[PDB]
Structure formats: C-alpha cells, structure tokens
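What follows is one structure encoded as structure tokens, with my remarks underneath.
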Amino acid sequence: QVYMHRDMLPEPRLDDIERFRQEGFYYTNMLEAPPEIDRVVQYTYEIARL
Amino acid sequence: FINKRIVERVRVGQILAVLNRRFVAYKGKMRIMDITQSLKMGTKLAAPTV
Numbered sequence: 702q703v704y705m706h707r708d709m710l711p712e713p714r715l716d717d718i719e720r721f722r723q724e725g726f727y728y729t730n731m732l733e734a735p736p737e738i739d740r741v742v743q744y745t746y747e748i749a750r751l
Numbered sequence: 852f853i854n855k856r857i858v859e860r861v862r863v864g865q866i867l868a869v870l871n872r873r874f875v876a877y878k879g880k881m882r883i884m885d886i887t888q889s890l891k892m893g894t895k896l897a898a899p900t901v
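In the order they appear, the protein sequences are chains A and B. Those letters in the first sequence? Residues 702 to 751, by full-length UniProt numbering. Those letters in the second sequence? Residues 852 to 901, by full-length UniProt numbering.
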C-alpha cells in the first residue's frame, strides 16, 4: 500500500520561538488513515504499459 | 508485322513529347528500411493485444 500524492514540507511561523518549542512538531510520511475511496486511482503494470 | 512502334522516325520538335508518365520519389530526410530484419529471432514483448 504505497501511495503517491503531492504535498508540502511545512514552514513554521516561528514568530514566538518559545511557544513553538513548547509544542512538539514533526512531519512524517506515515498516513493516519488510508486515503478516501473515489479520490484515488488504481494502477498496475499493464495499465502503465497501455 | 508486330503492331508495335519499336522504332520511330521523329522530328527534332517532337523528341521531348515522350515525357508523359507520373513518378513519385522520396527525400533524403525520409529514411526507408525493411522491418523484416527487425523480426530477427523475435525476442521482445508487446503492449497487451487480443
């Protein structure tokens, strides 16, 4: 279950550095839930070859 | 008697009247090659077809 979807690397505000430091922030490739159906297209070898 | 004008007596004014056939030719930019050789052995695959 490997998906491809264009996304942004987050750019923090960093206006109050202490407030940002207190609240843990991180970014992952992990997906909390699988993408919603009807918003995704299915591919395979033969589809790509066609 | 052969009923064909194999040899004709023609005046100088009618020498060039023989040019009546239509000819078609290609260009140097166009390249013509025989696909038969590329059928040698036949190792390959093919986009799915029925």
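For each residue, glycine too, the CB sits at the ideal point set by N, CA and C.
Looking at A:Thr-729, A:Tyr-746, A:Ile-748, A:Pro-736, the one whose alpha-carbon comes closest to that of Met-709 (chain A) is A:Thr-729.
A straight-line Cα-Cα distance of about 27 Å links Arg-856 (chain B) and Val-875 (chain B).
Contact between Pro-899 (chain B) and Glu-724 (chain A) is absent: CB atoms are separated by about 53 Å, not below the 8 Å threshold. Put simply, the stretch 702 to 722 of chain A touches the stretch 732 to 740 of chain A. At least three CB pairs are less than 8 Å apart.
Taking 9 Å as the cut-off, the Cβ atoms of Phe-726 (chain A) and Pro-711 (chain A) count as close.
With respect to the 9 Å criterion, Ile-883 (chain B) and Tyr-877 (chain B) are classified as neighbours on the basis of their beta carbons.
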